[PDB]
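> mind folding the following:
(one chain, ligands or ions: 3)
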Amino acid sequence: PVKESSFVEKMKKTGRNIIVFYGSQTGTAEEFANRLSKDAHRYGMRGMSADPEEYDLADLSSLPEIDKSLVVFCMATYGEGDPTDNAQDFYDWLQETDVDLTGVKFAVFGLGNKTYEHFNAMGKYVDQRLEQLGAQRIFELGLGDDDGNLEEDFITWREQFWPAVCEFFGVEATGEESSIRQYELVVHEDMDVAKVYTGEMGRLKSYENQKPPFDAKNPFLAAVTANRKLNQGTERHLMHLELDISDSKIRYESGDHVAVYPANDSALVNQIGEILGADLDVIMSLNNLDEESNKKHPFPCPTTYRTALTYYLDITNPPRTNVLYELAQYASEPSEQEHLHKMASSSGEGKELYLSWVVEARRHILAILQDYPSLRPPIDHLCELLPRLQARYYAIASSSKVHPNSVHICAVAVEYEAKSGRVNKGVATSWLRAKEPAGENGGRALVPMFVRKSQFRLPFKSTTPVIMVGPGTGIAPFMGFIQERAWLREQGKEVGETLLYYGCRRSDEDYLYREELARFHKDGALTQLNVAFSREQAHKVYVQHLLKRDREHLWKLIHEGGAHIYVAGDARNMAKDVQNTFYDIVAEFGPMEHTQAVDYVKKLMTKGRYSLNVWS
Ligand SMILES: Cc1cc2nc3c(=O)[nH]c(=O)nc-3n(C[C@H](O)[C@H](O)[C@H](O)COP(=O)(O)OP(=O)(O)OC[C@H]3O[C@@H](n4cnc5c(N)ncnc54)[C@H](O)[C@@H]3O)c2cc1C
Ligand SMILES: NC(=O)c1ccc[n+]([C@@H]2O[C@H](COP(=O)([O-])OP(=O)(O)OC[C@H]3O[C@@H](n4cnc5c(N)ncnc54)[C@H](OP(=O)(O)O)[C@@H]3O)[C@@H](O)[C@H]2O)c1
Ligand SMILES: Cc1cc2nc3c(=O)[nH]c(=O)nc-3n(C[C@H](O)[C@H](O)[C@H](O)COP(=O)(O)O)c2cc1C
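Numbers count the residues shown, from 1 in each chain. Ligands and ions are numbered 1, 2, ... in the order given. Shown next is the structure:
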């Protein structure tokens, strides 16, 4: 990327004394950064949030040139305790630099967690490194946990952070409070249709005029060739889709991920407009009131409210506390204005109400507008407050050795009864489920997508043994692994053992790729096809039980055969239980104490022989 000029100079030229950097992948850290940046005004200060990737952090050395200057880092962790893609350069710089940061004042809030090994790795590193470099910490490191409730961890940290800042710099709670807007509304009663965004992510008309290379800013509209129901029963809906990436020049390997940009439910969009009495077809733009910022709009503009609510805004996840806080002013019934205002509390009934009535109940914006009927905010402000609609990732279920021009997806459609009382539908899966191949040329079901390279890969040597554990939709990446493994064999190569440990409720309910797997097994592509049917008997039978059963042979492949272990699917419980079972296997056949088995297994991970492709 081409770097922006010195952030320190921008701050000087714009009267800013605090800058907040975000290492964000799915926007969580980015949003916290903006919240902190906006907070500054309430304390006699002025800040800006910034993407570290667009700057050279070596300029931190010049920050002391600004009086009462301070830098805050909101850093989330990804991969294997890595830094977010956008924080890679900063991370590389921190280890390599020897620059002296004497005079620099900092604070760090990490978006870390517990269902992962190095929980909050990045956050801890930045906070530690800046100090080593000579900078002085102005407030304790924050350790947020997305497994419980990050929002609340942030609220807690934030509540103590500002007072600490005011006391150190000797500033007053000046601003106190008062509704402030980041963007101004400009309605376009004309506008040449050719310059109105209709859902594209980057360059205007980029969805209609496709031009490579394609990525997150320029997605490729892949035609949906196939979309079929995978499960045999009716309990749920599991689907297999095939996206045509021919002529896109996109490359991929088994184990990578495919991201898609979905469209919200039209009915839901319609109702929001209706309940607010807003005309959704109004063409408009929301322009930053700060003419100096590079963030000219909250989303592609000009555009209609309908398009924004459909392709650019998140209207289904529970609104964050600051959003409800800003909306409170539009609730005409006192008790309702009060509940909304108190959602941002660090303790008490207001906090409990938020955790239960909003988060736990999974109340999206429309639900709140319906249940607190006096809340009728203007459409333009709400659009400024809502977070951006994020792309959804899927473990590519095919091998490029076999399907170089097609990317496959295996997904379960999300649809559940929320405690809010309504049925919530998953944005991307509901949208993907409705995509229909059409028929030859009559209608073209297109899916905006791009590929994100992962580190989940089959061994370089075809002879290395492979142990795959992926129950449920965790089978997704392994279909690619297996197609490729079978391919290698077909190509005359010597392939080591390939074992699949799969699981589903019942063979006649949701045994995904039943036919394909049976075929691969029959042809020898799969050395063993171990399937745990969890509900075909009174007790549970899970993949870990099969692993325990085969402990002796697996240990042989692991300790003597240099086998590679892969775990995909549920990251919350399955992955951990599977990990624990491997601990026990190693502990028995080592032999060695549990503590040592853990180390042994954690080493396999570091040496690239124990990989994960899990999610929640
Ligand atoms: C690297 C990676 C790979 C992935 N690979 C796959 C894959 O191969 N296949 C696949 O199916 N998915 C996969 N996912 C999950 C995928 O990205 C989507 O999250 C999933 O398909 C649902 O998206 P959605 O937009 O339909 O749902 P959304 O509208 O985004 O809603 C999902 C949210 O709803 C909530 N939720 C769901 N069920 C309930 C319930 N019963 N009660 C309360 N809350 C609930 C949760 O908070 C969840 O976060 C992957 C994720 C990552 C990060
Ligand atoms: N937030 C929520 O409330 C919520 C609720 C449901 C699902 N989800 C999400 O939706 C996804 C469901 O994916 P899926 O359809 O592919 O999986 P799935 O069908 O639910 O499960 C696959 C197989 O794994 C078994 N299993 C359950 N717990 C296990 C454990 N601890 N260890 C080993 N095996 C276990 C299941 O048996 P049994 O089911 O009989 O135990 C089943 O046979 C998950 O990634 C999850 O994050 C979220
Ligand atoms: C694919 C994936 C990998 C993750 N890996 C880690 C990890 O190694 N350590 C950790 O503490 N959290 C991990 N998390 C959780 C994030 O750190 C946490 O959800 C954070 O709030 C995300 O912030 P963001 O939206 O700003 O990127 C992971 C989340 C996803 C989706």
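
> and the spatially closest residue to residue 207 that is not a sequence neighbour, what does it touch?
Nearest residue to residue 207, sequence neighbours excluded (CB to CB, 6 or more residues apart in numbering): residue 200, at 4.5 Å. Backbone N, C-alpha and C define where each C-beta goes, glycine included. With contacts defined as CB atoms under 8 Å, 6 or more residues apart in numbering, the neighbours of residue 200 are 206, 207, 300.

> try residue 49
Residues in contact with residue 49 (CB under 8 Å, 6+ apart) are 19, 20, 21, 22, 30, 33, 34, 36, 37.

> same thing with residue 219?
Going by CB under 8 Å, 6+ apart, residue 219 touches 201, 207, 259, 261, 391, 448, 449, 450.

> pretty sure the first one sits against residue 218.
Pointing back at residue 201 there. Yes: using CB atoms under 8 Å, residue 201 is in contact with residue 218, at 7.3 Å.

> look at these two and report which has more neighbours.
Neighbours around residue 201 and residue 218, counted as other CB atoms under 10 Å, are more numerous at residue 201. The numbers are 21 against 18.

> so that one: helix, strand or coil?
State at residue 201, reduced to three classes by DSSP: H, G, I helix; E, B strand; the rest coil: coil.

> before we move on, what SS does residue 21 have?
Here residue 21 is recorded as strand under three-state DSSP.

> give me every residue that touches it.
The contact partners of residue 21, taken as CB under 8 Å, 6+ apart, are 33, 49, 50, 51, 52, 57, 71, 72, 73, 74, 75, 90.

> for it, give the beta-bridge partners.
residue 50, residue 73 (DSSP bridges).

> what's the separation between it and residue 120?
To residue 120, residue 21 is 16 Å away according to CB to CB, to the nearest Å.

> cool, residue 323 as well?
To residue 120, residue 323 is 25 Å away according to CB to CB.

> more crowded one of the two?
Per other CB under 10 Å, whichever of residue 323 and residue 120 has more neighbours is residue 120, with 25 against 21.

> bridging residues for the closest residue to ligand 1 within the stretch 101-250 of the chain?
Using CB to the nearest ligand atom, residue 238 is the residue of the stretch 101-250 of the chain that sits closest to ligand 1, at 8.0 Å. Beta-bridge partners of residue 238, counted by DSSP bridges, are residue 412.

> these two touch, right, it and residue 232?
No: at 9.7 Å, residue 238 and residue 232 do not qualify as touching, with contact defined as CB under 8 Å.

> what separates the residue of the stretch 451-600 of the chain at minimum distance from ligand 2 from residue 602, distance-wise?
Ligand 2 sits closest to residue 472 of the stretch 451-600 of the chain, with a gap of 2.3 Å, by CB to the nearest ligand atom. Per CB to CB, residue 472 is found 25 Å from residue 602.

> now do residue 382
Separation of residue 382 from residue 602 (CB to CB): 47 Å.

> more neighbours: which of those two?
residue 382 (23 against 14).

> correct me, but the more buried one touches residue 365?
Yes: the pair residue 382 / residue 365 is scored as a contact, 7.4 Å apart, by CB under 8 Å.

> ok but residue 62 is inside a helix, no?
Yes: assessed with three-state DSSP, residue 62 lies in a helix.

> residue contacts, it?
When contacts are counted by CB under 8 Å, 6+ apart, residue 62 touches 6, 8.

> how close does it sit to residue 101?
Counting by CB to CB, the gap from residue 62 to residue 101 is 10 Å.

> for residue 135, same thing?
Counting by CB to CB - residue 135 and residue 101 are separated by 4 Å.

> same question for residue 151.
31 Å.

> just to revisit the earlier point, out of the contacts of residue 21, give me the one that has the most neighbours.
Neighbour-wise, the contacts of residue 21 (other CB under 10 Å) top out at residue 75, 32 neighbours.

> nearest residue to it other than its sequence neighbours?
residue 23 is the one closest to residue 75 (CB to CB, 6+ apart), at 4.0 Å.

> tell me how far stretch 380-395 lies from the chain's centre.
Chain-centre distance of stretch 380-395: 12 Å, with CA atoms, centre = their mean, to the nearest Å.

> near ligand 2, anything from it?
No: Stretch 380-395 lies out of reach of ligand 2 by CB under 6 Å from any ligand atom, never closer than 11.0 Å.

> say whether ligand 3 is contacted by that stretch.
No: if you take CB under 6 Å from any ligand atom as the test, stretch 380-395 misses ligand 3, and the best it gets is 7.7 Å.

> contact residues of this structure facing ligand 3?
Within the chain, the positions lying close to ligand 3 (CB under 6 Å from any ligand atom) are 24-30, 76-79, 81, 84, 111-113, 116, 118-120, 146, 150.

> repeat the analysis, applying 5 Å as the threshold.
For the chain, the contact set with ligand 3 under CB under 5 Å from any ligand atom comprises 24-29, 76-78, 111-113, 116, 119, 146.

> inside helices: which ones of those?
Using DSSP state H to define helices, the subset of those located there is 28, 29.

> buried only: go through the residues of the chain next to ligand 3 for me.
Among the residues of the chain next to ligand 3, those buried by neighbour count (16 or more other CB atoms under 10 Å) are 24-25, 28-29, 76-78, 111-113, 116, 119, 146.
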